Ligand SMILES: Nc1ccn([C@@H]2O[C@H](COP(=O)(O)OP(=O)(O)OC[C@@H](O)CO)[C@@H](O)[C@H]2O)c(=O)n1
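Only one chain comes next, encoded as structure tokens, the form deposited without the ligand.
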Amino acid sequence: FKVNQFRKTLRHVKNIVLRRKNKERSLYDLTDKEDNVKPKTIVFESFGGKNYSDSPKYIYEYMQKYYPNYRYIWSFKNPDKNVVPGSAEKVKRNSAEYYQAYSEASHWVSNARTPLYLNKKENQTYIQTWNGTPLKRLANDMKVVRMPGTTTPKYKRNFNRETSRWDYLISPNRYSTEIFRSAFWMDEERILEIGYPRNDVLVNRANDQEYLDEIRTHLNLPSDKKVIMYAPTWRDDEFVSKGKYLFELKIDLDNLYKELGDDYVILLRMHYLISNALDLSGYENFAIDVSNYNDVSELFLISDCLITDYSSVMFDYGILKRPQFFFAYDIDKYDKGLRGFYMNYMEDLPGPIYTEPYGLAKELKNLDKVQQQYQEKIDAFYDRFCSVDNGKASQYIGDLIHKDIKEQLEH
């Protein structure tokens, strides 16, 4: 007597009869067999289906060029609002096609967690690129998580469930592997220290001027000015008033304009929620909202320096050996002498830590003085965290997948 089949049937009958939107899900759970799997079908999703971006984008673009005869499926929250190059067909999350796609594909490629109601058969290969060298503690390494609806243990039980389905897990650096192996409950075998595919352009194209010039004129940037990128992490604290009118960025734009307006334009990469509350009138041709731009790596390439605080992008951008400033206005509130980070944040990062934005501005005045004054520290950072990206990472995965699926076209 098959007792799990019985439960899925009940559940599915309950869904059909009540007209629940998950009827499509329960049908998939009932009927999902190892035999639906067709070896030349590949699904990609990035950030839970929100973009066409990141390592899955670059993995997919590489494969479109060298292996065009496989079936490619992209998964999207809203497929109609996402443009995808090449032969790939797109599926809407939780649609019948979503589930066919995952039931059928021999390889899943993602950069974040994919849902546990999806079945990763012994027959399929789930490759997790993940999404950056960690700074804040994550997964198993966390202490508390007062996240509504779920306890710390149940949140970790679930995370561990998901990481066990990871067949391969890409890695950028020894430091990260040491961390992943613990945080994600990983077997080092499954880890591939080959760098992030999304960071291929940062090596392969860092000098292609024709290419830097399409990115710049696609953003309408001034020809005479250098580019400062500012990418603060999301903060819960600073949300108030429906989010209708925020208090001008802590970084003081009026001041930056007075200081830097002659030599610089600043790209602001905020959380989407801050992005549509920002009034940038008075700052046109100096402050450029850029939150809603598909490819952040392209933004790095055209950036002469980077301002952030507690973000993983600092490791990505470090590949370019350009200066970085850490405007950490709220560093006090963050646990004083916080080890809530895997690295020693007070000591070995590539640039100056500023708690106020006014000395930051002055420092920025002359970029080259920073570049020498921190070349010692920059190179060091490059050596720990970036000395592994080849620019061949998309290739490596792409080839692995191809190689993987030749095996399956025999026995």
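The first residue of the shown sequence is 1; numbering continues from there.
Unshown form deposited with the ligand bound; subsequent notes refer to it.
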4.5 angstroms heavy atom contact with the ligand in the deposited bound form for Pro79: no
Partner proximity in the deposited bound form: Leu212 to the ligand, non-hydrogen atom cutoff 4.5 Å: no
Interface membership of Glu298, the ligand in the deposited bound form, 4.5 Å heavy atom rule: no
The ligand contact in the deposited bound form: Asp200, any heavy atom under 4.5 Å: no
The ligand: the contacting residue among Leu169, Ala88, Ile288, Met270 in the deposited bound form [heavy atom, 4.5 Å]: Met270
Contact assignment for the ligand in the deposited bound form, among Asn94, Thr177, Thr233, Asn158, heavy atom within 4.5 Å: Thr233
Stretch in contact, per heavy atom within 4.5 angstroms of the ligand in the deposited bound form, of 141-149, 275-283, 79-87, 313-321: 313-321
Heavy atom within 4.5 Å of the ligand in the deposited bound form - qualifying residues of 1-30: none
